Protein chains: 4
Amino acid sequence: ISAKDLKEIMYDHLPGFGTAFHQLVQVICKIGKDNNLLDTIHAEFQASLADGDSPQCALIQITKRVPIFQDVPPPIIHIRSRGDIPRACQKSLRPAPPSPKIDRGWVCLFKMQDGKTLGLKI
Amino acid sequence: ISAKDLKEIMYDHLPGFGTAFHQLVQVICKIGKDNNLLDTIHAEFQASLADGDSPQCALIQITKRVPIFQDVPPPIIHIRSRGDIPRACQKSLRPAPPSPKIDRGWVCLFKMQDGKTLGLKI
Amino acid sequence: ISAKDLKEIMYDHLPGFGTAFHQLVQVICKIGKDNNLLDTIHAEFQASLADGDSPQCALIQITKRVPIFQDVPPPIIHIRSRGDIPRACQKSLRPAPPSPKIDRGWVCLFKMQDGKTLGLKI
Amino acid sequence: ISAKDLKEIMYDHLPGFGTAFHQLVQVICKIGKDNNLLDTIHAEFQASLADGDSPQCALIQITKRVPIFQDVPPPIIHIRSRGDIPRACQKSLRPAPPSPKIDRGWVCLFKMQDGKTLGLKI
RNA sequence: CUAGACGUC
RNA sequence: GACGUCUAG
RNA sequence: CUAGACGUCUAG
RNA sequence: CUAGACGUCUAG
């Protein structure tokens with residue numbers, strides 16, 4: 001399975017667009033492709049859904065049960081302005097703690113070119 | 001001159017915990033113990049230290065300068081989940097080439113019960 | 001200044017290997033890198049040395065004088081056994097209090113897979 | 001294939017008792033066992049048989065063709081008297097060079113507890 | 001771990 | 001500054 | 001020269 | 001164990 005196919009598959013289950021969970025889909029598929037775990041993640045998403053878990057719940061479970069998400073920091077994405085971040089994410093931005101953890105809700109860190117940093121927290 | 005004393009000596013010089021180099025210590029000491037070459041391995045480790053080599057570089061020198069590490073394949077270590085691999089090792093896992101060699105940086109091969117196989121590469 | 005460069009600078013002034021101060025160097029450089037205080041830490045280290053303080057004293061003064069080490073808790077490090085902690089650090093290990101502070105000598109917290117927790121205290 | 005079964009497969013081709021070659025069978029099976037090379041060693045034993053080589057010759061072909069036997073030293077076997085060595089081996093004992101190698105005919109080293117040492121050379 | 005060469009915003 | 005590949009210790 | 005041997009060395 | 005190379009000795 002490809003990262004794009006899993007992204008699309010996870011998306012078709014998500015309500016709205018550009019929410020924190022879409023960003024999390026992006027992060028999960030990115031890191032998962034980077035260490036050849038797309039397969040396992042796919043399996044876990046499917047399991048979780050089949051178990052009656054909501055897709056957001058499933059994604060969170062991936063963050064907690066897939067080992068790579070315990071060891072990687074939330075990815076840093078460089079952006080231009082705070083307005084580049086989708087509106088559904090706006091009210092979910094907050095100053096980053098010393099060690100933000102993916103399995104504790106930290107999807108990514110938005111590092112702006114003027115120095116500012118805002119974390120995306122679920 | 002025991003595998004444990006050598007393990008402890010090497011660990012005492014290394015930064016971090018559960019890193020690729022700790023695992024490499026494990027492999028080096030296993031093979032050395034298995035063929036009574038511990039003394040040699042030790043001699044080479046301190047010779048390298050005497051050359052100004054980093055402890056990491058020294059372990060690598062062991063693999064390059066002691067001939068047996070040219071002849072044995074990276075060991076296969078069977079594990080249940082990928083989460084049995086230490087956190088520091090996670091970002092060093094990658095698909096194995098056809099004939100991976102220890103003296104080229106391939107510490108070991110992790111065989112997962114789900115079929116997956118990933119090599120540990122420095 | 002990069003964390004690795006600062007790490008080597010600080011190491012070059014430290015006696016022995018795998019002491020509590022080596023691990024403390026690792027902690028200081030890790031956190032300092034996590035928020036660009038590398039410059040500040042470097043300046044502080046160098047000023048202290050020029051004033052005639054031992055490098056050990058300089059490191060401790062860092063934990064006391066640089067504000068980040070009063071806002072962050074001692075990092076938690078996952079390891080398998082107590083025998084993974086370097087020998088020079090062994091007699092410096094002890095049960096952790098409720099709120100260990102970096103500026104009070106608490107370098108890191110070792111979390112073992114047996115549940116047990118040991119702090120490294122200077 | 002276990003070390004004992006292969007030991008026997010190798011024995012069943014050998015004449016006499018307590019010969020240098022029975023001892024060599026032991027050395028080969030030990031080393032192959034220690035580095036999990038029993039399968040390949042076996043494979044070479046029959047390849048040699050398929051060439052029409054004498055079984056003794058076949059074993060020597062193992063020493064020549066599987067690389068590890070260039071790199072592990074002849075094993076030290078501790079004994080009490082020279083009369084502890086099987087008689088068929090007596091006529092093959094002689095002083096050991098600084099670095100005796102298995103692929104050059106040095107099966108093992110007989111070490112007396114008084115310190116004196118005799119090599120077994122085919 | 002580190003060095004060299006090359007590629008990418 | 002962040003990545004990638006190859007090579008070497 | 002031929003044939004039996006013993007040593008040394010090389011090779012499988 | 002086997003084959004080469006080189007010496008040596010013994011015999012015819």
# chains A, B, ... in the order shown; residues from 1 in each chain; ligands from 1

$ calpha_fit_rmsd --fixed "chain C" --moving "chain B"
0.6 Å

$ interface_residues --of "chain B" --to "chain E" --cutoff "8 Å" --atoms "only C-alpha atoms (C1' of nucleotides)" --output "list in words"
residues 54, 56 and 57 of chain B

$ select_by_dssp --residues "chain C" --states "strand (DSSP E)" --output "VMD selection string"
chain C and resid 76 to 79 93 to 95 106 to 112 117 to 121

$ interface_residues --of "chain A" --to "chain B" --cutoff "12 Å" --atoms "only C-alpha atoms" --output "count of residues only"
21

$ closest_atom_pairs --of "chain F" --to "chain A" --cutoff "12 Å" --atoms "only C-alpha atoms (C1' of nucleotides)" --output "tab-separated table"
residue	atom	partner	partner_atom	distance
F:1	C1'	A:78	CA	11.2
F:2	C1'	A:76	CA	9.5
F:3	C1'	A:34	CA	11.6
F:4	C1'	A:34	CA	11.6

$ closest_residue --among "B:14, B:79, B:96, B:102" --to "residue 119 of chain B" --atoms "only C-alpha atoms"
B:96

$ atom_distance --atom1 "atom CA of residue 98 of chain B" --atom2 "atom CA of residue 3 of chain A"
24.9 Å

$ residues_around --residues "residue 5 of chain G" --least-positions-apart "3" --cutoff "12 Å" --atoms "only C-alpha atoms (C1' of nucleotides)" --output "ChimeraX atom specification"
/H:8-11

$ write_last_selection --atoms "N, CA, C and O atoms (P, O5', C5', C4', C3', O3' and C1' of nucleotides)" --output "PDB file, in the first residue's frame"
ATOM      1  P     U H   8      70.445 -35.336  -2.384  1.00  0.00           P
ATOM      2  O5'   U H   8      70.305 -36.364  -1.184  1.00  0.00           O
ATOM      3  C5'   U H   8      70.523 -35.929   0.140  1.00  0.00           C
ATOM      4  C4'   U H   8      69.979 -36.916   1.129  1.00  0.00           C
ATOM      5  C3'   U H   8      70.282 -38.373   0.853  1.00  0.00           C
ATOM      6  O3'   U H   8      71.608 -38.724   1.206  1.00  0.00           O
ATOM      7  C1'   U H   8      68.015 -38.139   1.472  1.00  0.00           C
ATOM      8  P     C H   9      72.426 -39.813   0.348  1.00  0.00           P
ATOM      9  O5'   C H   9      71.934 -41.177   1.000  1.00  0.00           O
ATOM     10  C5'   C H   9      71.907 -41.309   2.413  1.00  0.00           C
ATOM     11  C4'   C H   9      70.958 -42.391   2.845  1.00  0.00           C
ATOM     12  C3'   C H   9      71.142 -43.715   2.134  1.00  0.00           C
ATOM     13  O3'   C H   9      72.217 -44.461   2.675  1.00  0.00           O
ATOM     14  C1'   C H   9      68.847 -43.159   2.179  1.00  0.00           C
ATOM     15  P     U H  10      72.990 -45.535   1.769  1.00  0.00           P
ATOM     16  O5'   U H  10      71.891 -46.660   1.526  1.00  0.00           O
ATOM     17  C5'   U H  10      71.505 -47.510   2.591  1.00  0.00           C
ATOM     18  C4'   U H  10      70.385 -48.430   2.191  1.00  0.00           C
ATOM     19  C3'   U H  10      70.641 -49.283   0.966  1.00  0.00           C
ATOM     20  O3'   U H  10      71.517 -50.365   1.206  1.00  0.00           O
ATOM     21  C1'   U H  10      68.463 -48.397   0.858  1.00  0.00           C
ATOM     22  P     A H  11      72.499 -50.851   0.032  1.00  0.00           P
ATOM     23  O5'   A H  11      71.516 -51.578  -0.983  1.00  0.00           O
ATOM     24  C5'   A H  11      70.796 -52.720  -0.559  1.00  0.00           C
ATOM     25  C4'   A H  11      69.714 -53.099  -1.531  1.00  0.00           C
ATOM     26  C3'   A H  11      70.170 -53.437  -2.935  1.00  0.00           C
ATOM     27  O3'   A H  11      70.730 -54.734  -3.028  1.00  0.00           O
ATOM     28  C1'   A H  11      68.251 -52.056  -3.028  1.00  0.00           C
TER      29        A H  11
END
